[PDB]
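Here's the structure we're looking at; comments come further down.
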Amino acid sequence: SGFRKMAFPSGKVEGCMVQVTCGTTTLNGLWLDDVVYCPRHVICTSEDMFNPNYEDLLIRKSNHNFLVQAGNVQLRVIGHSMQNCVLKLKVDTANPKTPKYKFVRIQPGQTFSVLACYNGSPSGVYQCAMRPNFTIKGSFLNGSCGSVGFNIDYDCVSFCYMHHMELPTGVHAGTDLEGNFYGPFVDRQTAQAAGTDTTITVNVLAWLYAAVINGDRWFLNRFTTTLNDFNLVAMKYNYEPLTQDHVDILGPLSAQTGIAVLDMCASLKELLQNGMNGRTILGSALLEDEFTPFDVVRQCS
Amino acid sequence: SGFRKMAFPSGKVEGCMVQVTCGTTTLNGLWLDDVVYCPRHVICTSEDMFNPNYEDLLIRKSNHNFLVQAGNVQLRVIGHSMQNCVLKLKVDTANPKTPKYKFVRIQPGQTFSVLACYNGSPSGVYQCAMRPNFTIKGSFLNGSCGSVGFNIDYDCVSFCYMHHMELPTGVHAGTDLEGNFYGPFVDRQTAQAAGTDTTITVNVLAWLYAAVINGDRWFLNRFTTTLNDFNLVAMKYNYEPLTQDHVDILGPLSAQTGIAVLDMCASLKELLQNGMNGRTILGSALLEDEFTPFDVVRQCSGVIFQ
Numbered sequence: 001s002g003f004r005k006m007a008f009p010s011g012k013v014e015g016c017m018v019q020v021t022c023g024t025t026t027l028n029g030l031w032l033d034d035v036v037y038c039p040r041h042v043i044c045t046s047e048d049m050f051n052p053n054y055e056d057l058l059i060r061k062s063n064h065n066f067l068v069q070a071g072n073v074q075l076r077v078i079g080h081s082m083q084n085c086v087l088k089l090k091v092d093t094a095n096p097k098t099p100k101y102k103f104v105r106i107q108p109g110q111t112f113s114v115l116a117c118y119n120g121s122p123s124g125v126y127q128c129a130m131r132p133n134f135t136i137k138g139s140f141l142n143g144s145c146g147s148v149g150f151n152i153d154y155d156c157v158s159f160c161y162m163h164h165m166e167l168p169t170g171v172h173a174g175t176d177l178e179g180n181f182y183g184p185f186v187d188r189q190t191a192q193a194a195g196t197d198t199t200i201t202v203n204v205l206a207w208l209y210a211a212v213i214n215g216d217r218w219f220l221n222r223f224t225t226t227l228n229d230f231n232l233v234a235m236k237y238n239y240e241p242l243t244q245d246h247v248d249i250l251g252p253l254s255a256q257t258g259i260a261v262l263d264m265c266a267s268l269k270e271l272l273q274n275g276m277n278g279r280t281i282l283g284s285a286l287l288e289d290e291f292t293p294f295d296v297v298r299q300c301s
Numbered sequence: 001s002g003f004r005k006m007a008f009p010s011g012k013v014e015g016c017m018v019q020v021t022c023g024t025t026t027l028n029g030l031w032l033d034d035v036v037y038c039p040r041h042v043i044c045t046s047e048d049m050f051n052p053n054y055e056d057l058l059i060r061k062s063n064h065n066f067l068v069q070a071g072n073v074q075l076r077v078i079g080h081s082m083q084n085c086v087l088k089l090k091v092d093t094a095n096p097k098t099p100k101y102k103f104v105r106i107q108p109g110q111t112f113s114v115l116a117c118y119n120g121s122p123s124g125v126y127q128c129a130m131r132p133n134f135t136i137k138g139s140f141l142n143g144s145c146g147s148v149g150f151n152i153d154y155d156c157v158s159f160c161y162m163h164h165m166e167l168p169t170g171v172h173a174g175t176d177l178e179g180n181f182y183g184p185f186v187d188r189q190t191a192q193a194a195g196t197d198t199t200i201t202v203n204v205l206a207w208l209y210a211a212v213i214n215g216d217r218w219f220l221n222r223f224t225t226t227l228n229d230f231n232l233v234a235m236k237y238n239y240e241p242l243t244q245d246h247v248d249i250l251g252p253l254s255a256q257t258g259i260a261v262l263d264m265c266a267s268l269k270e271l272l273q274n275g276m277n278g279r280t281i282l283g284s285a286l287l288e289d290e291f292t293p294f295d296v297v298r299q300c301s302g303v304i305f306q
């Protein structure tokens, strides 16, 4: 029993965190085999941050300019290649603590753990959700650039995110492990607009199934609705339209509780129109959407 | 920028997690040096749990009856003892991944990170707080007994909690790493219940300091209430009694935000009576009491303009 926001054990990822130093700019790096992945703006100083020419800034840099440090040991760079917004640095040692990794790009609505690092040392770990506008409700202080987002499938660490820049609107922009940014963001410290943040419909429906499993069920009603009728209300409260693919994902959650997918939608519809009237679901008065259907299965099986 | 509930990196604790099997029972063990610590009920059957006599039951058990697995590798048991509700199993190999450690007994209200484990394998990590009634609102299932709670004091892992059982309300109870339970609980299959839970005062205060730092300040007001005046309102809405030493802990946050400790209490008093009216603080309709001032300082950093 109990429903908690849970991060994946960060241990495997911890053995990959190094401190990358280029002149005055120092950030975090991901040491996988003999390659150190870090945001390309490590070559840039507090000067270039407004409008930097990355392709021209790399020209005035050599292997001796980069100072990769694996804790106490000072690794030596033997090659530099800038792919998209990430800088790949080849080193002498092919990391002994390398886990069975893979690089994937997470879709909006999906979740991952973030291991926050400061000066190459892991600080903490928390669970994040990629918002539909491609932003993350995170916590990044000065020196967290290079921190990675990941998922764990038994022994395989799937890397999906790397922190690059702090959004002025409080939010946080970053790239996948191949250097491609999420959303309409670039690695320049300029006024960037995040956009409109819609509530993930399928993640709230998955969270409602977890409340039923935990005994909390004061929100259950006799009403029932169809896909087209429920979607009308979704476009009024900033919610995503539920497709047939979303219903197929909510399979094991519907079979475990017993409540049908179309019947649960009516319980959600009444809580948005009327409200919660001071009562709480799973220890919270707000509809939580940072929990994918796979996150609910992982914790209730 | 930003403010999230954050667990400690669990890496150093994952290297100590083992699977402990005694007869039919399987739970988690904490392998520190050449000793494995686990809940002593692993030696009981479901039948023994109705009225266990752990001393006599441990007399009938020997080293061969304890299968300790460090993943797929097996550790030979060369000794067994009992210290309160924890079973200590001596093994033929010291753990190479043993970090700097100490056993501490946290007070209620304090926080720690939990590494939930199933059959010796870590599944996830979350940030917990010891509730006033000595229970924790965690997320444990069958196979989680022996999952540990900890804090990381820069290089030293302070182990403070071991999971033993779950109560009828879905809340969890456990011991410290010395075997002493937290609360009036016992490792016995009998009727037990958590009791009356209250809201942590010093923790809700610190959370309001963190919201001011992160922009949110619509809940602030020109009111100013005294130490004993606020304590009268606190016992009405189920809150902890605020002491002078509790206010001294809120010192760096008061000096950083420039909001006196009694001024934040006055703003909190209005939030208890009037409410939030739908408007949220840090994206939360309820007041959060799982963040101690120490966790807020650690995340918000801050500068005191002396």
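In order, the protein sequence lines correspond to chains B and A. With the authors' numbering, you'll find the first sequence wraps up at 301, consecutive numbering, no jumps. With the authors' numbering, you'll find the second sequence wraps up at 306, consecutive numbering, no jumps. Built from N, CA and C at the ideal position, the CB exists for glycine as well.
Per DSSP, B:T175 is one residue of the beta strand (DSSP E) stretching across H172 to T175.
At a Cβ-Cβ threshold of 8 Å, A:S147 and A:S10 do not count as neighbours. Nearest Cα to B:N53 within the set B:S62, B:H64, B:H41 and B:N63: B:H41.
For B:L287, same chain residues with a beta-carbon under 6 Å away, outside a window of 5 residues either side, are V204 in chain order.
A check of alpha carbon separations from B:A234 across B:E14, B:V212 and B:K269 identifies B:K269 as the nearest. For the C-beta of A:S10, the chain B residues within less than 8 Å are, from N- to C-terminus, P9, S10, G11 and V125. The shortest C-alpha to C-alpha distance from A:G29 to any of A:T243, A:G251, A:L75 and A:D155 is the one to A:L75. For A:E288, no Cβ of chain B is located within less than 8 Å of the residue's own Cβ. The criterion of a C-beta distance shorter than 8 Å is satisfied by A:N133 and A:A194.
Taking a contact as a CB-CB distance under 8 Å, the pair A:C22 and A:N65 counts as one, their CB atoms being some 6 Å apart. Here the alpha carbon of A:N214 sits roughly 11 Å from the alpha carbon of A:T257. Residue B:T135 holds the alpha-carbon nearest to the alpha-carbon of B:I106 among B:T135, B:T45 and B:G283. Think of a sphere of 8 Å around the beta carbon of A:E14: the chain B residues whose beta carbon falls inside it are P9 and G11, in chain order. The criterion of a C-beta distance shorter than 8 Å is satisfied by B:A173 and B:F181. Counting C-beta pairs with one atom in each stretch, the segment 288-300 of chain A and the segment 206-224 of chain A have three or more that are closer than 8 Å, which means they touch. In the DSSP secondary-structure assignment, A:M235 is not bridged to any residue. For chain A, the residues of the segment 131-147 of chain B that bring a beta carbon within less than 8 Å of one of its beta carbons are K137, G138, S139, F140 and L141, in chain order. Secondary structure note for A:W218: it is in no alpha helix (DSSP H), with a DSSP letter that is neither H nor E. Sequence-distant partners of B:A7 (beyond 5 residues in either direction) whose C-beta falls short of 6 Å from its own C-beta, in its chain, are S113, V125, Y126 and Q127. With fewer than 16 other CB atoms across the displayed protein chains lying within 10 angstroms of its CB, B:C156 is exposed.
Contacts with chain A at 8 Å (Cβ-Cβ) do not include B:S46.
The DSSP-derived three-state label of B:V104 is coil.
Per DSSP, the beta bridge partners of A:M165 are A:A173. Here the alpha carbons of A:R217 and B:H163 stand approximately 28 Å from one another.
Just so you know, the alpha carbons of B:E178 and B:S123 end up roughly 24 Å apart. Taking every protein chain shown into account, the CB of B:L232 has fewer than 16 other CB atoms within 10 angstroms, so this residue is exposed. A:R4 and B:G15 have their C-alpha atoms some 24 Å from each other. The beta carbon of B:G283 sits closer than 8 Å to some beta carbon of chain A.
Taken in chain order, the members of the segment 262-277 of chain B whose beta-carbon sits within less than 9 Å of a beta-carbon on chain A are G275 and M276. For A:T257, the enclosing alpha helix (DSSP H) covers residues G251 to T257.
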